[PDB]
Structures are given as C-alpha cells and as structure tokens.
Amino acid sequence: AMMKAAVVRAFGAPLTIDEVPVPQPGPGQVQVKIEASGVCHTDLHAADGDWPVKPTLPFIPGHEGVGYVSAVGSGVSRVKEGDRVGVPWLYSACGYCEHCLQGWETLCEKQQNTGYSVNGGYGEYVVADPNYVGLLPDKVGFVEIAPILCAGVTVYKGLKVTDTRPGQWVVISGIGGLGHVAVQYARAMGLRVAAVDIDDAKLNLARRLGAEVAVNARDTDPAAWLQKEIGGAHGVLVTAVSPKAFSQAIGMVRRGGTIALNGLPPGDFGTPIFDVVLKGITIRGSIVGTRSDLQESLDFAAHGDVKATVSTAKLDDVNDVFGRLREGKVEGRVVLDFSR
C-alpha cells in the first residue's frame, strides 16, 4: 500500500523521502516495479524550475526508470506482467494528431511527460501507459540500461537528424552524460568522430570510446583547429549545457553542414546569421526520440555497440546526487539503484 519515493513538494527545497501510496493501474494502464532509475539533468530543472512550462507540486521526478511490469489493467495487449520495461520522458501521446500520425509523437501537443507532468521513477513503483514504455532487452542489466531511456535515445536521434552519413565527420561537443554515449552511437553509425569539451579528461574518455580527434575548448579555438584538421565537420552534436559553445559550434561545421542541439540552457545565443546563410548551414533542435528511435537505441545497447558509463547511488542520497551533478563532478551518468 505504501512505498518509498523522492517527492518534490517545494519548487526548490531538497527532495523528501516519504512513504507514499502505491499508484494502482487503471484501465489501459500498467504498474512498473522499479529496479533502477537514471538521473538526468532535466530532473534538476524539474526540482528547481528553470523552465517556462513548470511541473505541478507535489510530484516525483524520474523519466529513466526501469523495472518489471508488476500489474496490469484491462485492455492491455502490448505488455504482460513480468515484462522488462522502462518509462521514458514521453509518458504518452494522443496517437492521432498530425505529429503522432507522422511518427513524430515527440511533438504531440497533448503529450504527458514522466517525472514532470505526471509522477516518475524516483519511487519504488510507477504507473505507466503501456503503449509508450520502452521494451528492454534481457541481456542488459537495469543499471546499465537506464541512461538509454533518455541520454541514449536523445543522442541517437540527435545524430540521425544531423543528416550525416557513414564516412563523414561528426563533432560531439561536450562529453558528459549524453556526450559520452553519443561518441559510441556515432561510431556504430559508421561516423568519424571528433570530440570537444572543457575537460581534458573527458576528452580522454572520448578517445577511449572511439573518437579519433579531440581538442580542448578552454585552450585553442575549436572552430579554427577543426576547420584546420578535418576540414570542418559535416555534422555537429551539441550536448554541452553551457549557453556559449552554441556559437563555436556554428564555426566547426563545414559549409552545408548540420548542427543538432541537445542542450536546454536558458536565454538567447548569438547566431551569426550572415555566415549561416552564406555557408548554407542548418541548425536543428532534437527532442529525445520517438518510440521507434528508443527501440533502435536500445538495440544498439543489446548488441554491445553502446555502453553507458554509470555511477550507482541510493534513492535516499538523491539530494547528494543533485549536488555533485550541478558542480559537474559527475563522470558519465548517475543511476539510482533500488536493488535490495
């Protein structure tokens, strides 16, 4: 009847860990018993409120929750009890608007979002729409697979919309939680990879993870060096949370190239329109991924092409996690482990 959960009740004060009621699945719904729950930067902004459209208090964050289906309402055919599933950012969509019909459910104006507009995976249980859960592969553990539910699918879809093809150069700007799996997806997609971050150790991660080129932003200029070495990149993926670098990205791309943006920092960034137009440059934002994007991105993990770098932590230490998460002292990703 009760469960442990990290409930945000005040739009900025640390999360509390309380016994709350276990959500029961109604018709068309299922219940998921959480084994692991990934922590995303988005969770910070949910706890805080750096976003125009804000969560409703109180709520439970977590859109990288993974576990088994523990119960099922009527009318459900996609999943059964004991199925291995994840509940990602896109909690549900109407399924029949123009966006949904065209396989862009990610843009559905009637969408609900896990751990933001409805309760998420920072609890021992979570109710989900079985039509939009991620179907998880057996061969990959809960802790290792959690980050794919958001970080993975986000950078996978992001790389797809750079419109770069095998043999061409992709730049991964920022080798963090997202960035570091981005390197791995890019390689599996046959791309040549260049990495660029403020941290020279993060650049070593990229090097090990497959990148054949990396330069430090806080040293030389990324643009000038890349235009110099590789001849500019055909595509750029910006994962870097920092407002700036959404400008030096325009410079690392060669003419006719595409920059996909994963970051969600605040405020307007300076866009050199003259150069964008003359160099025929494309700038494109990419929102996580569709259900197909997600399944494809999980497949890459199953096959061993992709493997998240992950720090484990306990539900009760959630606030500790948020702390070091902000101070950029987190390597790769952090995943809450519910294992007893």
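The term rigid core refers to the maximal set of C-alpha atoms that superpose within 1.5 Å between the two forms. Numbers for residues come from their place in the sequence shown, where the first is 1.
(request) With everything overlaid on the rigid core, name the stretch, 150-158 or 242-250, whose CA atoms wander farther on average in 4 other deposited structures of this protein. (result) Between 150-158 and 242-250, the one lying farther away in 4 other deposited structures of this protein is 242-250.
(message) Rigid core superposition, C-alpha RMS per stretch in 4 other deposited structures of this protein: which comes out larger, 3-11 or 331-339?
(response) Evaluated in 4 other deposited structures of this protein, the stretch farther from the shown form is 3-11.
(message) Can you tell me whether 30-38 has a higher mean C-alpha B factor than 50-58 in this record, or the other way round?
(response) That would be 50-58.
(request) Taking the mean of the C-alpha B-factors per stretch from the entry, tell me the winner out of 189-197 and 208-216. (result) Here the higher of the two C-alpha B-factor means belongs to 208-216.
(request) Name the residue from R165, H99, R84, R78 with the greatest C-alpha temperature factor listed in the entry. (result) Highest C-alpha B-factor among the listed options: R78.
(request) Tell me which of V241, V153, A182, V133 tops the list for C-alpha B factor in the record. (result) Of the candidates given, the C-alpha B-factor peaks at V241.
(message) Ranking the modelled residues of this chain by C-alpha B-factor as given in the entry, is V8 in the lowest, middle or highest third?
(response) Answer is highest: the recorded C-alpha B-factor places it there.
(request) Taking the chain's C-alpha temperature factors as the reference, tell me which third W104 falls into: lowest, middle or highest. (result) Ranked within chain, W104 CA B lands in the middle tercile.
(request) Consider only the C-alpha atoms of the modelled residues in this chain, order them by B-factor as the entry records it, and name the third containing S117: lowest, middle or highest. (result) Its C-alpha B-factor, which the entry lists for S117, ranks in the middle third among residues of this chain.
(message) Ranking the modelled residues of this chain by C-alpha B-factor as given in the entry, is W169 in the lowest, middle or highest third?
(response) Tercile = middle for this residue's CA B-factor.
(request) Quick one: classify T258 as lowest, middle or highest third of the chain based on its Cα B-factor. (result) According to the entry, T258 has a C-alpha B-factor in the chain's lowest third.
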